[PDB]
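Heads up: the structure comes next, in structure tokens.
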Amino acid sequence: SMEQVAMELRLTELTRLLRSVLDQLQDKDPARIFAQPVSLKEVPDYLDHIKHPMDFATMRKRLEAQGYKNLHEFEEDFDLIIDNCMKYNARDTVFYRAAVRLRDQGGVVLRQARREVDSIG
Ligand code: NA
């Protein structure tokens, strides 16, 4: 039906917006600490600590399949990247501190992204 096509066009345009958001958020991680999933070869106990791992490459895979139906779902995955890092790694590490900075700089991007999603519908 035409109503289904219109819903699919809205999802397509959301996906385009979230791709711009994701690129901007990943620019705030120039070290590429959060670019890939935590390797279970290199960190064998990781799943004992973190139950829902997340990273930018995993988010990009879901995004290109139009897997994010709204901004909240996208935000939940971005928050996992930060929140998992700040639990596993201690306060005095480069990893924890990179997550703090990504959160702080990322909040600026997500604030305006919310306004664009609401405005454009
Ligand atoms: Na901790």
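By order in the structure tokens, chains are A, B, ...; within a chain, residues start at 1; ligands start at 1, following the order shown.
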Please identify all protein, DNA and RNA residues within 8 Å of ligand 1, counting only C-alpha atoms and all ligand atoms, and report them as a PDB file with N, CA, C and O atoms, in the first residue's frame.
```pdb
ATOM      1  N   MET A  86      32.790   2.752  30.976  1.00  0.00           N
ATOM      2  CA  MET A  86      32.938   3.356  32.305  1.00  0.00           C
ATOM      3  C   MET A  86      32.745   2.362  33.464  1.00  0.00           C
ATOM      4  O   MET A  86      33.148   2.659  34.593  1.00  0.00           O
ATOM      5  N   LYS A  87      32.130   1.208  33.184  1.00  0.00           N
ATOM      6  CA  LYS A  87      32.034   0.145  34.181  1.00  0.00           C
ATOM      7  C   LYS A  87      33.283  -0.730  34.175  1.00  0.00           C
ATOM      8  O   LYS A  87      33.901  -0.915  35.226  1.00  0.00           O
ATOM      9  N   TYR A  88      33.657  -1.242  33.002  1.00  0.00           N
ATOM     10  CA  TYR A  88      34.788  -2.170  32.875  1.00  0.00           C
ATOM     11  C   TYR A  88      36.133  -1.537  33.223  1.00  0.00           C
ATOM     12  O   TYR A  88      36.946  -2.151  33.917  1.00  0.00           O
ATOM     13  N   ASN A  89      36.358  -0.320  32.736  1.00  0.00           N
ATOM     14  CA  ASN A  89      37.624   0.378  32.935  1.00  0.00           C
ATOM     15  C   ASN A  89      37.550   1.322  34.128  1.00  0.00           C
ATOM     16  O   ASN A  89      36.501   1.914  34.394  1.00  0.00           O
ATOM     17  N   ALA A  90      38.665   1.451  34.845  1.00  0.00           N
ATOM     18  CA  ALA A  90      38.732   2.306  36.030  1.00  0.00           C
ATOM     19  C   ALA A  90      38.841   3.777  35.653  1.00  0.00           C
ATOM     20  O   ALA A  90      39.171   4.123  34.520  1.00  0.00           O
ATOM     21  N   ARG A  91      38.576   4.625  36.639  1.00  0.00           N
ATOM     22  CA  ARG A  91      38.550   6.084  36.479  1.00  0.00           C
ATOM     23  C   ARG A  91      39.846   6.694  35.927  1.00  0.00           C
ATOM     24  O   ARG A  91      39.801   7.657  35.157  1.00  0.00           O
TER      25      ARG A  91
END
```
9 Å contact set for residue 51 (chain A), only C-alpha atoms, chain neighbours under 4 positions out, as a list in words: residues 46, 47 and 84 of chain A
All residues 9 Å or closer to region 56-62 of chain A, only C-alpha atoms, same chain fewer than 6 positions away omitted, as a PyMOL selection string: chain A and resi 19+22+26+34-37+68+74+77-78+81
Hey, can you spit out that residue selection with C-alpha atoms as an mmCIF file, in the first residue's frame?
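Final output, part_4.cif:
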```cif
data_model
loop_
_atom_site.group_PDB
_atom_site.id
_atom_site.type_symbol
_atom_site.label_atom_id
_atom_site.label_comp_id
_atom_site.auth_asym_id
_atom_site.auth_seq_id
_atom_site.Cartn_x
_atom_site.Cartn_y
_atom_site.Cartn_z
ATOM 1 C CA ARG A 19 24.083 8.442 9.563
ATOM 2 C CA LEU A 22 26.768 8.741 13.837
ATOM 3 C CA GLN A 26 32.488 9.069 15.840
ATOM 4 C CA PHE A 34 35.051 2.675 20.336
ATOM 5 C CA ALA A 35 35.355 1.912 16.591
ATOM 6 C CA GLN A 36 35.190 -1.903 16.867
ATOM 7 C CA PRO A 37 33.765 -4.505 19.285
ATOM 8 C CA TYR A 68 16.757 2.041 14.175
ATOM 9 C CA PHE A 74 19.941 4.903 18.421
ATOM 10 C CA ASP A 77 23.160 1.925 21.672
ATOM 11 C CA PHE A 78 25.353 5.060 21.914
ATOM 12 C CA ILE A 81 29.248 2.238 24.270
#
```
Among the residues A:11, A:116, A:105, A:85, the one that comes closest to residue 49 (chain A) [using only C-alpha atoms]: A:85
Distance criterion (only C-alpha atoms): nearest to residue 63 (chain A) out of A:10, A:16, A:29, A:114: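 The shortest atom-to-atom distance to residue 63 (chain A) comes from A:16.
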Two-atom distance - CA of residue 50 (chain A), CA of residue 101 (chain A) (Å):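 Computing it gives 20.7 Å between the two atoms.
Pairwise distance (CA of residue 1 (chain A), CA of residue 72 (chain A)) equals 27.3 Å.
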Residue 107 (chain A) surroundings by only C-alpha atoms, 12 Å radius, close-in-sequence under 2 positions cut, as a PyMOL selection string: chain A and resi 21+24-25+28+75+78-79+82+100-105+109-114
Between CA of residue 9 (chain A) and CA of residue 64 (chain A), distance in Å (one decimal):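 Going from CA of residue 9 (chain A) over to CA of residue 64 (chain A), I get 14.4 Å.
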Residue list (alpha helix (DSSP H), DSSP) for region 13-117 of chain A, as an MDAnalysis selection string: chainID A and resid 13:26 46:49 56:64 71:88 94:117
Of the listed residues A:120, A:33, A:108, A:43, that which approaches residue 17 (chain A) most closely, counting only C-alpha atoms: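 Selected residue with least distance to residue 17 (chain A): A:120.
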